[PDB]
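Asks:
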Amino acid sequence: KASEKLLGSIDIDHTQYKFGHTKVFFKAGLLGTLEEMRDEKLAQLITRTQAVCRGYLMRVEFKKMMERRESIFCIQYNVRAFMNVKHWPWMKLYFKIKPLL
Amino acid sequence: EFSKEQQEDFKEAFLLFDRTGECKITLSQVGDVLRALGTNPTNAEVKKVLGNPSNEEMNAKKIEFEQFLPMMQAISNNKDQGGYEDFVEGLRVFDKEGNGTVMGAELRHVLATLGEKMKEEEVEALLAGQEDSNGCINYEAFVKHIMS
Amino acid sequence: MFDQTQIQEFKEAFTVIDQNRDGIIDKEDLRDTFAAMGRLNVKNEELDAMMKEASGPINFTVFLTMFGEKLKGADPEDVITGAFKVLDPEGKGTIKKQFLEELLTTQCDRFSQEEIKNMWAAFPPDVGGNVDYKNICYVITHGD
Amino acid sequence: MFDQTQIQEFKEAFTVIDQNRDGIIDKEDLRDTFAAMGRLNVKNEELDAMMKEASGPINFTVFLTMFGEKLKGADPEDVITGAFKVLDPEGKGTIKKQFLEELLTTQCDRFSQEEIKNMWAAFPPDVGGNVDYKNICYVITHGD
Amino acid sequence: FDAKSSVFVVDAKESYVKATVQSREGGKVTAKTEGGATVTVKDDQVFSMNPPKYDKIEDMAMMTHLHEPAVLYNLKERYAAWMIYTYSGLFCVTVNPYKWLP
Numbered sequence: 744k745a746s747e748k749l750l751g752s753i754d755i756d757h758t759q760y761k762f763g764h765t766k767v768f769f770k771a772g773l774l775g776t777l778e779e780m781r782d783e784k785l786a787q788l789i790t791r792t793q794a795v796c797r798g799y800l801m802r803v804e805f806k807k808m809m810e811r812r813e814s815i816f817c818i819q820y821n822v823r824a825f826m827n828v829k830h831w832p833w834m835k836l837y838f839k840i841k842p843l844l
Numbered sequence: 040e041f042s043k044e045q046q047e048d049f050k051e052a053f054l055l056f057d058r059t060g061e062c063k064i065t066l067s068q069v070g071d072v073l074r075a076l077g078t079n080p081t082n083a084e085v086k087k088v089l090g091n092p093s094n095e096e097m098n099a100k101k102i103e104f105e106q107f108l109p110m111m112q113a114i115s116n117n118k119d120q121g122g123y124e125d126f127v128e129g130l131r132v133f134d135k136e137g138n139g140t141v142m143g144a145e146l147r148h149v150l151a152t153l154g155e156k157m158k159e160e161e162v163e164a165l166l167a168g169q170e171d172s173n174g175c176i177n178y179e180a181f182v183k184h185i186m187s
Numbered sequence: 021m022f023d024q025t026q027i028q029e030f031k032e033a034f035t036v037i038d039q040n041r042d043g044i045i046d047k048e049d050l051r052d053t054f055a056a057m058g059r060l061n062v063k064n065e066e067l068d069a070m071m072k073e074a075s076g077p078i079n080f081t082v083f084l085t086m087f088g089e090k091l092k093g094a095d096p097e098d099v100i101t102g103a104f105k106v107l108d109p110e111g112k113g114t115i116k117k118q119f120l121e122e123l124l125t126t127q128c129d130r131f132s133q134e135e136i137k138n139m140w141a142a143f144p145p146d147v148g149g150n151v152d153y154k155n156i157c158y159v160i161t162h163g164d
Numbered sequence: 021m022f023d024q025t026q027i028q029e030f031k032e033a034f035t036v037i038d039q040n041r042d043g044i045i046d047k048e049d050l051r052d053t054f055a056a057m058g059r060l061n062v063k064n065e066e067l068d069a070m071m072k073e074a075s076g077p078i079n080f081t082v083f084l085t086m087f088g089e090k091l092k093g094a095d096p097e098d099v100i101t102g103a104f105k106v107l108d109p110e111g112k113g114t115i116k117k118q119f120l121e122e123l124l125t126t127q128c129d130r131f132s133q134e135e136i137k138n139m140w141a142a143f144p145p146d147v148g149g150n151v152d153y154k155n156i157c158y159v160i161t162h163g164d
Numbered sequence: 032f033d034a035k036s037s038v039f040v041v042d043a044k045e046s047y048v049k050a051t052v053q054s055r056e057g058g059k060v061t062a063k064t065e066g067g068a069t070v071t072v073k074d075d076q077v078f079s080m081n082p083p084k085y086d087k088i089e090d091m092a093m094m095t096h097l098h099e100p101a102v103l104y105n106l107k108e109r110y111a112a113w114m115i116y117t118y119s120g121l122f123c124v125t126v127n128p129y130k131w132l133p
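Protein chains in written order, with the authors' numbering: chain A, 744 to 844; chain B, 40 to 187; chain C, 21 to 164; chain D, 21 to 164; chain E, 32 to 133.
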C-alpha cells in the first residue's frame, strides 16, 4: 500500500513500473527523479523545522515583561478596580462574611 | 476573508509591535508578528509574498494595520507549514541506527549548516537539555517540545 | 466573566444573611448580620442607602446585578500573581520601589499623582524601597 | 399513557423543589435546588429559558403538561427489556454488534447514519463487537 | 547535491568524463565540468549520471541510468579503489590489475 500511494502521487506511467509480491519493478531513469526529489524535499523539511523553532523562539519579551504588556495592564486595571472597591460597603461585607462560613 | 475575532487578535499583536506609537510596524518585524500569531513562516516565505526586506534590517519600509491583514491571510494561512509526519521522516534520514536517537552534534549541525541556518545562540535557546552519556538526543521528544 | 466560583461565593454570602421571607435581603437581616460581624455599622440612613444601588427587593439575582461594578476588572487569582511576577528577577522580596513607581507613573496607561498617593498609603513595603507583590495580591481579594 | 407511577414520580420531583408560595416552581427554587445538586448550572438566561416551555407559572398540573414530549414513546420498564430479549439467543453478553447495526439500519423503521453515530457514541460495548442490552435499558431511564 | 545537471560527456582523453549540462538549446549543450572550461557538444552524445548512492554499486543492473559512461565510470571507480570484480546484469565483469592479490 505504501508503494501504491507513493507511485500514485509522483505521477509515473503504468508502462514504467509493475507491482509484484515482494518487489516493485521499475524502468531506467525513475529512481534518479526520486533521489533528486528526496534531496530537495529533505531541504524543504529542514527549513520548516527551523521556522517552527523560530516560531517558538520569537517570543518578544516586550510582549511578556515590558511596560505596556498584558500583565501591567492587569496590574493597573485591578489596582484601579481596588481603589474604588476598597471604599464600597458591599465589597467590605463579603470579605468578612466568608471567613465566617 | 478574516473574522472580526481574527482581525482583533491580529490587531492585539500589532499594537505591541508599533511600540513607538506610530500605528505602524517596521517591515523587519512582520515575520515575527506572524510567529507571534502562531504561524511558522520560513524566511523564504517572509521575503516573497510577505514583502520583508533583508534579515535584521530596519527602517526601509513600515506597514499600517489594514496592510498587515492580507499579509496574514494570503501568506502562511494560504499554505502548508509542515506537521509531525514531515519532521519524523526528515529526522529519520539522520537516524543511523533506528532507535529515535541522534547525536547532539549532528542535530546542531543540521540546524546550523543546512537550510535557513540557525545561530548557535538560537540552537542553545531551544535546547531542553535532553543529552545522555552517549545515549544522545531523542529527536521525537525534541519535535514534541518545539511544536508545543 | 461572572464565574461559577464567584457567583457561588456570592450565593453563600447572600444565604448566610437571608432567612427573611423566601430569599430577600432586607434591613433587619443586614442589622442582625452586623451583630455577628463585631462592628456597630448599623446606622439607619447608611443601611437603607445600600438599598438604593438596586431598584428594589434584593434577591440573589438582584445581588449579582448589584456587584456589576466589581467584575469590571477582576482578573482571576494567579493571573494577577503571574502578572506581578515578571517584574521580579530576585525571587520574593519582589519589586523595587523606583521601578514600580516609574512603571505606574510615567509609562503605560499612566497613573495620576492622586492614584500613586492612594496606593502608597496602603502598599506593603520595607525600609529600603522594595514592595511586596504577593501581599498586594492578597490585599486585592482580602483575607487580611 | 401518563401513568400513576410516572405522575407520582414527577409529583415528588416537583415537591422537593417547591416551598415557594403555595405550589409554584420559580427561578429561586430552581437556583437553590442546584446548590444541593452538586453543579453550578444556575446561569440566569438558561434558568429563565426553562420557563418558556410553559405559558407561565409552573404548578404541578403545568409541570405534567411540560413533560408532554417525554411520554411520546416511553414504553414501560420490562417491555423495553423484553423487546431487546427477543434479539439475544446467547443469554446476557447480549446482542452482537453487526446484527444490531443491521436491525436499526436496514430493517423496520430504518435509522439514519446520524442516528447510528448518535447511539454508537453512548452505547456500552466490549472489544470484540457485542452490545449490552440491559445496560442500554438502564441508560434509557437512568440511575447512572 | 547541486541541481546543475551532472551528466557524462564524450572526451578523447577520458572517453567519458563528468560534465555539468547547465545551458542547453536544441541539439547543442554548452557544458562545464572537471577542467572548468565550457565547450559545445550534441546532447544525444551526453548521458545521465547516477546519484552518489549508486556509485560503486555491486551489480550494474541496479543503476537507475544505464548507458556506456555509467558502466565505464562505475568500473573505473571500482578498479581505482582496488576492486577487480563487478557484476553487470547476468555477467560477472573482471578487470585484471596484473598484481598478485591476497
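C-beta atoms are modelled at their ideal positions from N, C-alpha and C, and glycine is treated no differently.
Please give the ranges of any beta strand (DSSP E) in the region 52 to 80 of chain D, keeping only runs that are unbroken, at least 3 residues long and fully inside the region.
Replies: None, since the region 52 to 80 of chain D contains no complete beta strand (DSSP E) of that length.
Asks: Taking contact to mean at least 3 C-beta pairs separated by less than 8 Å, is the region 26 to 38 of chain C in contact with the region 77 to 92 of chain C?
Replies: yes
Asks: Contact criterion: CB-CB distance below 9 Å. Does E/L97 meet it with respect to chain G?
Replies: Of the chains in the structure shown, none is chain G; the protein chains are A, B, C, D and E.
Asks: Chain C beta carbons: is any one of them nearer than 9 Å to that of D/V36?
Replies: The count along the fourth sequence starts at 1 and reaches residue 36 of chain D at position 16. Taking Cβ atoms only, chain C never reaches closer than 9 Å to D/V36, which makes this a no.
Asks: So, under 8 Å CB-CB, D/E135 and C/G43 are touching, yes? Tell me the CB distance rounded to an integer number of Å.
Replies: Taking the fourth sequence and counting its residues from 1, the one referred to as residue 135 of chain D is at position 115. Taking the third sequence and counting its residues from 1, the one referred to as residue 43 of chain C is at position 23. Cβ atoms of D/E135 and C/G43 stay farther apart than 8 Å, at about 44 Å.
Asks: Quick one, which of E/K130, E/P128, E/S37, E/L121 has its alpha-carbon nearest E/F78's?
Replies: What you label residue 78 of chain E is simply residue 47 of the fifth sequence in a count that begins at 1. When each option's Cα is compared against that of E/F78, the closest is E/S37.
Asks: Closer than 9 Å, Cβ to any Cβ of chain A: which residues of the region 126 to 138 of chain B, in chain order?
Replies: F126, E128, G129, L130, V132
Asks: In the structure shown, what three-state DSSP assignment does B/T59 receive?
Replies: Taking the first residue of the second sequence as position 1, residue 59 of chain B is located at position 20. In the structure shown, B/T59 sits in coil (DSSP, three-state: anything other than H, G, I, E or B).
Asks: Ignore the nearest five residues each way along the sequence and tell me which others in C/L84's own chain have a CB closer than 8 Å to its CB.
Replies: Along the third sequence, read from residue 1 onward, the residue named residue 84 of chain C stands at position 64. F22, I27, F30.
Asks: Can you look up A/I840 in the DSSP assignment and give me helix, strand or coil?
Replies: Stepping through the first sequence from its first residue, residue 840 of chain A is reached at position 97. Three-state result, A/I840: helix.
Asks: CB-CB under 6 Å to A/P832, same chain, minus the five flanking residues each way: which ones, in chain order?
Replies: One-based indexing of the first sequence puts residue 832 of chain A at position 89. For A/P832, where only same-chain residues beyond five positions count, there are no Cβ hits under 6 Å.
Asks: Checking 9 Å against the spacing of the C-beta atoms, do B/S67 and B/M110 come in under that value?
Replies: Translated into the one-based positions of the second sequence, residue 67 of chain B becomes position 28. Translated into the one-based positions of the second sequence, residue 110 of chain B becomes position 71. Contact flag unset, no.
Asks: Give, in chain order, every unbroken run of the beta strand (DSSP E) that is at least 3 residues long and sits entirely within the region 86 to 129 of chain B.
Replies: 101 to 103
Asks: Going by C-alpha to C-alpha distance, which of B/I64, B/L76, B/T59, B/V69 sits closest to B/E44?
Replies: The residue labelled residue 44 of chain B in the question sits at position 5 within the second sequence. The candidate whose alpha carbon is nearest that of B/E44 is B/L76.
Asks: I want to see whether chain C comes within less than 9 Å of D/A142, judged by CB atoms only; does it?
Replies: In the fourth sequence, the residue the question calls residue 142 of chain D occupies position 122. D/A142 does not count as touching chain C.
Asks: Who pairs with E/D90 in a beta bridge, going by DSSP?
Replies: Here the question's residue 90 of chain E lines up with position 59 in the fifth sequence. Beta-bridge partners of E/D90 (DSSP): E/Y118.
Asks: Enumerated in chain order, which unbroken segments of the alpha helix (DSSP H) with a length of 4 residues or greater are wholly contained in the region 114 to 152 of chain D?
Replies: 117 to 125, 133 to 140
Asks: Quick one: what's got a C-beta closer than 8 Å to E/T69's C-beta in the same chain, skipping five residues either side?
Replies: Within the fifth sequence, residue 69 of chain E is the residue found at index 38, counting from 1. Same-chain partners within the cutoff: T61, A62, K63.
Asks: At the 9 Å Cβ level, is E/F32 part of the contact set with chain A, yes or no?
Replies: Counting from one through the fifth sequence, the residue named residue 32 of chain E turns up at place 1. With 9 Å as the cut-off, E/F32 counts as an interface residue toward chain A.
Asks: Is it true that the CB of D/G111 sits closer than 9 Å to the CB of D/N150?
Replies: Residue numbering aside, residue 150 of chain D sits at position 130 when the fourth sequence is read from its first letter. Residue numbering aside, residue 111 of chain D sits at position 91 when the fourth sequence is read from its first letter. Result no, Cβ atoms of D/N150 and D/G111 do not sit closer than 9 Å.
Asks: By Cβ distance, which residues of its chain are closer than 8 Å to D/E121, with the 5 residues on each side in sequence left out?
Replies: Here residue 121 of chain D corresponds to residue number 101 of the fourth sequence, with the count starting at 1. For D/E121, where only same-chain residues beyond five positions count, the Cβ hits under 8 Å are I136.
Asks: What does DSSP give as the partner residues of E/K73 in its beta bridges?
Replies: Position 42 of the fifth sequence holds residue 73 of chain E. Partner(s): E/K59.
Asks: May I ask you to report which of helix, strand or coil DSSP gives A/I789?
Replies: Translated into positions along the first sequence, residue 789 of chain A becomes position 46. Helix.
Asks: Which residue marks the beginning of the beta strand (DSSP E) containing A/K761, and which one marks its end?
Replies: Residue 761 of chain A sits at position 18 when you count from the first residue of the first sequence. Annotation: the continuous beta strand (DSSP E) that includes A/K761 extends over 760 to 762.
Asks: List the residues of chain B whose Cβ lies closer than 8 Å to the Cβ of A/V803, in chain order.
Replies: Here residue 803 of chain A refers to the residue found at position 60 of the first sequence. Residues of chain B passing the Cβ test: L55, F56, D71, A75.
Asks: Classify A/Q793: buried if its beta carbon has 16 or more other beta carbons within 10 angstroms, exposed otherwise.
Replies: Position 50 of the first sequence, counting from 1, holds the residue named residue 793 of chain A. Per the 10 Å Cβ criterion, buried.
Asks: Looking at the structure shown, is E/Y104 part of a helix, part of a strand, or coil, going by DSSP?
Replies: Here residue 104 of chain E corresponds to residue number 73 of the fifth sequence, with the count starting at 1. Looking at E/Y104 - three-state DSSP - the assignment turns out to be helix.
Asks: Mind checking which residues open and close the beta strand (DSSP E) that includes E/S37?
Replies: As a first step, residue 37 of chain E is located in the fifth sequence; it is residue number 6 there, counting from the start. Residues 37 to 41.
Asks: Could you name the residues of chain A that E/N81 contacts, counting a contact when the two beta carbons are closer than 8 Å?
Replies: Position 50 of the fifth sequence, counting from 1, holds the residue named residue 81 of chain E. By Cβ distance, chain A contributes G775.
Asks: Using 10 angstroms around the beta-carbon of D/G148, count the other beta-carbons present and answer buried if the total reaches 16, otherwise exposed.
Replies: For this step, residue 148 of chain D is matched to residue 128 along the fourth sequence. Exposed, since its Cβ has fewer than 16 Cβ neighbours within 10 Å.
Asks: Between which two residues does the alpha helix (DSSP H) carrying D/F104 extend?
Replies: If you number the fourth sequence from 1, residue 104 of chain D lands on position 84. From DSSP, the alpha helix (DSSP H) with D/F104 extends over 97 to 105.
Asks: Please check the pair B/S115 and B/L73, which I expect to be a contact at CB under 8 Å, by giving their CB distance rounded to whole angstroms.
Replies: Along the second sequence, one-based indexing puts residue 115 of chain B at 76. Along the second sequence, one-based indexing puts residue 73 of chain B at 34. Right, their Cβ atoms sit about 6 Å apart.
Asks: So is D/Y153 buried or exposed if we call it buried at 16+ other beta carbons inside 10 Å?
Replies: Taking the first residue of the fourth sequence as 1, we reach residue 153 of chain D at position 133. Result: buried.
Asks: Apply the 10 Å Cβ neighbour rule to C/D68 and answer buried if 16 or more other Cβ atoms are within range, or exposed otherwise.
Replies: Within the third sequence, residue 68 of chain C is the residue found at index 48, counting from 1. So C/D68 ends up on the exposed side.
Asks: Looking at the unbroken alpha helix (DSSP H) that takes in A/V767, where does it start and where does it end?
Replies: Start at 1 with the first residue of the first sequence, and residue 767 of chain A comes out as number 24. Where A/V767 is concerned, there is no enclosing alpha helix (DSSP H), although the beta strand (DSSP E) it sits in stretches over 767 to 769.
Asks: Can you list the residues of chain B that A/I789 reaches, using a CB-CB cut of under 7 Å?
Replies: Looking up residue 789 of chain A in the first sequence gives position 46. Chain B residues near A/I789: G129, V149, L153, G154.
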